[PDB]
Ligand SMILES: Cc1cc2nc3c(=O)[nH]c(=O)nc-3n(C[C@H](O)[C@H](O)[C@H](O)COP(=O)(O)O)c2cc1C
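Consider the single chain below, provided in structure tokens and representing the form solved without the named molecule.
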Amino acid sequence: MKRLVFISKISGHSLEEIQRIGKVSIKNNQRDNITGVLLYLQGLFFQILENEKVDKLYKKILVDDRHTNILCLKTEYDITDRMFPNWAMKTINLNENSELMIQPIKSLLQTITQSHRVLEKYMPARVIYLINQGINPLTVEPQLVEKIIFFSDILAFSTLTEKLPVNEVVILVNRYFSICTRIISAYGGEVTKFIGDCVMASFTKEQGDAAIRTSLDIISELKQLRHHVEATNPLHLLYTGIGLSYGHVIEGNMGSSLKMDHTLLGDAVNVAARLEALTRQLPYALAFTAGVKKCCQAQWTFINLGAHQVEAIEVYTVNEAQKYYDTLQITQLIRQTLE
């Protein structure tokens, strides 16, 4: 046995089709004997739901497109008594309930759930992943894991924004984070956090190739963006450098009882930051260590860029990361553009 709960959003749009997934889960879940409740209010869904067969149903539920923005808040494992024995799937429409003594519970539910969804926008992806897995993210114990650490950072951001109005800097930073986050997430990396004009993320050791392709993809999308936009647009001089390193880091909850953060700690972090900063003076936009090189299996053309200090380490790149430009020239071009 096991119980699990999630909340959801509006994806599409009808008085009826509730009854579809009602009728269906009603007859479906009795062939498979699961019990649960569907509640709906002001365009939010809430659902409660053996141990194996309830996952054939969940794997259907997320891939179900009648709702988007699915977060499994809770999961209980090997339970003893079901919460809703006789209900194969009871659907409750709390917009239709106007009883005077249910409005309070109805209004709080509305208010705390909407607040909760605003807070999810500030959460580390690793905390949201924990939560979805039914793990309490505040009591996980920190573990030493192996990671490829990723750092990407805007070239001459001070100069590029030093003359822009507030809203235009924010638009530019957001676009940059938006393009980085999407490609990282598509290749199976997790963003760890944002630092100024800078994206920090990690990949596993089975994902080296995916870490170079991310890097290359990001470089590629910005070169497209720069000629997609007009020359008076700030996006026209948006460049990045990218640093990658490999190593054992600590992943866990860190901080006082007041504020918690869930992050990665280790020297690899520092090394990726510096290889990133080191691209500025390289004829390449991507720089990485030998450890990253050995996580790769594709026939990259690896170029050895010598040993550098942070005990100096070998640095490498791929031919595909050669810059079509000269990094000093780009930044005076950046200073000339806004006088």
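Each residue number is its position in the shown sequence, starting from 1.
Missing deposited residues between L49 and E50: 1 to 3, all without coordinates in the entry.
Gap check for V310 to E311: 4 to 9 deposited residues are absent from the model. The mean C-alpha temperature factor is higher for 99-107 when 99-107 and 177-185 are set side by side. As recorded in the PDB entry, 67-75 is the stretch of 193-201 and 67-75 with the greater mean C-alpha temperature factor.
The residue among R274, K294, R280, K53 whose C-alpha atom has the highest B-factor in the PDB entry is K53. Residue set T232, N86, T139, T113: peak C-alpha B-factor at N86 (per PDB entry). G243: CA B factor in the lowest third of modelled residues in this chain (values from the PDB entry). In the PDB entry, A211 places in the lowest third of its chain by CA B-factor. Residue-level temperature factors show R82 in the highest third of its chain, judged at the C-alpha atom. In the deposited entry, the Cα temperature factor of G134 sits in the top third of values across the chain's modelled residues. Ranked within its chain, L94 lands in the highest third, by CA B factor from the PDB record.
Absent from the display: the form deposited with the named molecule bound. The rest refers to it.
For the three marked residues, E190, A210 and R213, no heavy atom of any sits within 4.5 Å of the named molecule in the entry with it bound. With a 4.5 Å cutoff on heavy atoms, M89 counts as touching the named molecule in the entry with it bound. Contact annotation: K294 falls outside 4.5 Å of the named molecule in the entry with it bound, judged by heavy atom distances.
Although the partner is absent here, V24 sits close enough that one of its heavy atoms falls within 4.5 Å of the named molecule in the entry with it bound. Although the partner is absent here, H67 is a contact residue: one of its heavy atoms lies within 4.5 angstroms of the named molecule in the entry with it bound.
In terms of contact with the named molecule in the entry with it bound, the residue from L41, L305, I313, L38 that brings a heavy atom within 4.5 Å is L38. Contacts of stretch 28-52 with the named molecule in the entry with it bound, defined by any heavy atom lying within 4.5 Å, are made by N28, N29, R31, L38, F45, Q47, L49, listed in sequence order.
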